[PDB]
Amino acid sequence: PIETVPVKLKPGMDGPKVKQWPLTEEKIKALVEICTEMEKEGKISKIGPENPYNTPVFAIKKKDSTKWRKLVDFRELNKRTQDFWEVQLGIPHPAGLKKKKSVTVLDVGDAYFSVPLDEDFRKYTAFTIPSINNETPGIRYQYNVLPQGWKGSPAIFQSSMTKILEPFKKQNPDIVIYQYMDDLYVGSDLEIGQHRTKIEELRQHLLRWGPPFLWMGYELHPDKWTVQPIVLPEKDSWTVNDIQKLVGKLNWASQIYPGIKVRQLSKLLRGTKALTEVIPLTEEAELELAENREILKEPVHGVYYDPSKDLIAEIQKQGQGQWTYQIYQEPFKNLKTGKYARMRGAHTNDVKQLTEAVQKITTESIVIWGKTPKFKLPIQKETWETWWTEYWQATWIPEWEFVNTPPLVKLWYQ
Amino acid sequence: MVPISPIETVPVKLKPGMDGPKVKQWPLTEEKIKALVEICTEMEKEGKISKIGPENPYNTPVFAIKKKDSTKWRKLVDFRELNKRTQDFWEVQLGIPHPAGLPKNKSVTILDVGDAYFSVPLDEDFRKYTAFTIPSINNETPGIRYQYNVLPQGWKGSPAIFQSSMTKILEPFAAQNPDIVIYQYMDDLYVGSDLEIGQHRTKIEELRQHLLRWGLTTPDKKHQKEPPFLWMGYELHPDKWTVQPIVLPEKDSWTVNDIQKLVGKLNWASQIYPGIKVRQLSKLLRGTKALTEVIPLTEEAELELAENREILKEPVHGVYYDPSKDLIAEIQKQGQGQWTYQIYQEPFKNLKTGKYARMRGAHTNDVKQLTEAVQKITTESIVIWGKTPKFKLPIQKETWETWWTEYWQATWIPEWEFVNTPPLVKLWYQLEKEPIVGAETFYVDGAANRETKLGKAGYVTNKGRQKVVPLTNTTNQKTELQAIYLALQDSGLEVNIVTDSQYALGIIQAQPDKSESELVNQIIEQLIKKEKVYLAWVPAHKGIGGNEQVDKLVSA
Ligand SMILES: Cc1cc(/C=C/C#N)cc(C)c1Oc1nc(NC2CCN(Cc3ccc(S(C)(=O)=O)cc3)CC2)nc2ncccc12
Ligand SMILES: [Mg+2]
């Protein structure tokens, strides 16, 4: 790694000037020790006041780990950085990664610190270790190598990455290998006993061809990812309220499915009746319920992924640690639906549960489509902005907006 | 000649595509010219400026100002044009420390660092752009042309580059003297410590010795500040701190400028004076722009101002931070969306106080506001102290548990415990999850003509009860809320209500206890009186019994 690839920003765009948010003393102390070591290793250098850019930074702890890790919010720099075209202009996402029965996620971000960064672009990676109570100026650094979390780091190390994996690819041709940012997604159809041992064969490859967090390995099983089709109740006695909610759910599904009819079920509601009164099903109503039930078995038609459009993810809080979600690009055309429950570590903390939910949905979006979705979060902005960094454990950060009006379709994804 | 190490220069560039300034020198009188010549001759001896030839094409105008305190002229080089063309810098003084976050430092010494204030070298490639011309006597001679060699007082990058350079100079001393506190303020260095008075001046002489490595003679500032320090609007005593005296004027003609300075003083005083409110006072400047317009004082504003004068009658003081003790924050509700809080470590002795006003919305509840206040205090505490405080909140543990487990949004407040300080935050109504057996079932609906603004609203029930009310100057959304209000008004203690209004559902499912809409407030008052209320939603115009009957009754 001698020469540096010339990179720049988008035409008519300046560097990132993002405010560093406050940090607790424990996280500041951790960032100081981490950056002191990175400075000795030449990875970062101090900068002067002639550098007006800034990118936020904070400290996290990955899943099942004790030592801190520096995480840099390169979201603004990434969207202002030029689009990268190598000798190949682009790789289509491997559709087989989501089809394998086991996918292990390996952090390979440590391999980036061996490739220098273009000296003209280093000023744009400026970040500040904040001080407490403005008592001292912030310790200002910039990067000298490829930084973790920058979109250009895998788009530059990709030439070197193809050669490190070339020996392992030839030995196992039925293994799908995909890279997103600092992570490496390795999928196969072999058993976990043969998978875990084979995964460690790649760990020593980075040790020989070139890490602290290389030991950890997050295991996924995309073959056992659940889908949430629309289901209708099966009862023997229906109250007025049961039928009202049923017709409501069917009317909502009629936007997604063609041919949903509620006429015969609406006939059962004969004027003003008590909500708790049992209404017997007629033959015309039972056949209408049966026809709608067969319609809901088939998937939605005209549902396609568009690489040019954004992926949108909405989340609903269902109570008792249960969260539902849908991924789409056009309304009422879900590409993926799911439900989460029994969130680890948070049974009295709503925000930690939502934070883990966002990370899991993002991971699924990377495995399936190779990019992250824009989240619509059921939480007030001030509460989420105060606490999400306390529970974050991924090396990437998606975008998000805030929903301030209660959705009515919540009771229908339940 | 004792060798002194040089101060590293900061590389400076103009903005991309722009050139240096080329402003014409204004005509100056014969006495101003002679003054500037003598001034610039002194500065040239000190190496601060240097004469230049005619090839330099840049120029900024220079002026001569005279003061009344001392009968002397002063040089002023207008760098407004150069600053517009100078790059942006990383300003390292955006914020100031809050006194409540400072630890007690027994001994403090003030040092004069003005010897370095006008001695930081400027980037050699940038001095071209700082050129200025002294006009000559009677314009019969080419004017004297100078350019700066050091940071010019007034240039865009002078504050940032100076503070950066001083910080780099001081860095090794502070690192090897952790028991020493240093704060930069213009041309004065404040060096404090918790050491005995003997060992303190020992390290001060060591700081003088370290600063001499760069040729910076730093004597003790003459006429050292008598306590308290008057700094950035505070009074810094060795053991206490407060804001500078806040006095409220007693006027009869109150203009909007008087209130802008009144709320400003009240906001500034609210960081130590507990219980300050500024709602009804700042409520009077909703859309005013004319700073000279007079506005009458409402009876709520006069009553609010009277409460503040009593609070500001006696001065109160705050204490300094002790890292060895816990950080505790306590909140109280004040009404009309106003909250006040105190942060302390020992009881009755506050580090600081504060307040929180509710965000401008249409519907709200106390639990949401208290939660917003908690996040504000949490963020402020991490700024000031670097940690989250323990919260004392006027809300029952059971009330909070019931709220967050049933609220549709994710929500969370950090470690907190209940403090029985009325008025307590309460849940004023809770809707049912399933329909109520034995309770009358009201099917409600409303409708209005968009052109004539005439509408109808009412209900039909399973017991035959009916009502339809004619309405004037109304909307579709308004008649939908009115229909629900009528159902609550004419029902017993328990009631099932069936509506098709997605709009009304969204309002009620937000669980407000107060609203800007008078109709919504009437609904809330009705909800509080009930024992059980189940609210059901159905799609409209779908042949649903009861819903379709009342739909035909309200559509005229
Ligand atoms: C040193 C300093 C001065 C000023 C303003 C001066 C003016 N104008 C402002 C700040 C922020 C500042 O910086 C820091 N200050 C402190 N502590 C404070 C707490 C007590 N105050 C009041 C006081 C005590 C004694 C006397 S005396 C004459 O000797 O009786 C007089 C006044 C001074 C030191 N700790 C710090 N820690 C870490 C980093 C910086 C610290
Ligand atoms: Mg209607």
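Naming convention: chains lettered A, B, ... in sequence-line order (proteins, then strands); numbering from 1 in each chain. Numbering of ligands and ligand atoms starts at 1, following listing order.
For ligand 1 and B/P97, the ligand atoms under 4.0 Å from any heavy atom of the residue are 11 (C). Ligand 1 places these atoms under 4.0 Å from at least one heavy atom of B/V108: 25 (C), 29 (O). Each of the atoms 38 (C), 39 (C) of ligand 1 lies under 4.0 Å from some heavy atom of A/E135. For ligand 1, the atoms sitting less than 4.0 Å from at least one non-hydrogen atom of B/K106 are 25 (C), 29 (O), numbered in the order shown with element in parentheses.
The two residues B/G446 and B/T479 have their closest heavy-atom pair at C-OG1, 3.2 Å. Considering all non-hydrogen atoms of both residues, B/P245 and B/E235 come closest at CD-OE2, 3.2 Å. Taking all atoms of both residues into account, the shortest heavy-atom contact from B/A160 to B/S164 is O-OG, 2.7 Å.
Using a non-hydrogen distance threshold of 4.0 Å, B/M232 does not register as a contact of ligand 1.
Checking A/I132, B/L102, B/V181, A/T136 against atom 37 (N) of ligand 1, the nearest heavy atom belongs to B/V181. Checking B/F229, B/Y320, B/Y321, B/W241 against atom 31 (C) of ligand 1, the nearest heavy atom belongs to B/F229. The closest non-hydrogen atom to atom 18 (C) of ligand 1, taken over B/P238, B/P228, B/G192, B/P103, comes from B/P103.
Ring-plane geometry between B/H98 and B/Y234 is classed as perpendicular, the angle between the planes exceeding 60 degrees on a 0 to 90 degree scale with a lower cut at 30. Between B/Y183 and B/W231, the two ring planes are perpendicular [angle over 60°; tilted spans 30° to 60°].
Of the N or O atoms in B/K104, none lie within a sub-3.5 Å distance of an N or O in ligand 1. Remark: ligand 1 and B/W231 share no N or O pair separated by less than 3.5 Å (distance only, no angle test).
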Begin with the C-alpha distance, continue with both residues' side-chain angles, and end with the deciding distance and a verdict on ring pair (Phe, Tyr, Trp, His ring centres under 6.0 Å) for A/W68 and A/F58. CA-CA 10 Å; A/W68 293 96; A/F58 58 109; over 10 Å; no
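No more than 12 heavy atoms of other residues, nucleotides or ligands lie within 6.0 Å of CD in B/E226, so this atom counts as exposed by the packing criterion. At most 12 non-hydrogen atoms from other residues, nucleotides or ligands lie less than 6.0 angstrom from NZ of B/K390. For NZ of B/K349, the number of neighbouring non-hydrogen atoms (other residues, nucleotides, ligands) closer than 6.0 Å is 12 at most.
Looking only at side-chain heavy atoms (C-beta outward), B/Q184 and B/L170 come within less than 4.5 Å of each other. Residues B/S193 and B/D179 form no side-chain contact, since every pair of their non-hydrogen atoms from C-beta on lies 4.5 Å or further apart. Two residues are said to be in side-chain contact when any heavy atoms from C-beta on lie closer than 4.5 Å; B/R208 and B/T217 fail this criterion.
The protein atom (non-hydrogen) at minimum distance from atom 8 (N) of ligand 1 is B/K225 NZ, 3.0 Å. Looking at atom 3 (C) of ligand 1, its nearest protein heavy atom turns out to be B/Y190 CB, 3.7 Å. In this structure, atom 22 (C) of ligand 1 lies nearest to the protein heavy atom B/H237 O, 3.2 Å. Annotation: atom 16 (C) of ligand 1 to nearest protein heavy atom, B/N105 ND2, 3.4 Å. The nearest protein atom to atom 13 (O) of ligand 1, hydrogens excluded, is given as B/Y183 CB, 3.5 Å; this is a heavy-atom distance.
Only protein N, O or S atoms were considered, and those under 2.8 Å from the Mg ion (ligand 2) are B/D445 OD1, B/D445 OD2.
Between the side chains of B/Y341 and B/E380, at least one donor-acceptor pair of N or O atoms lies under 3.5 Å.
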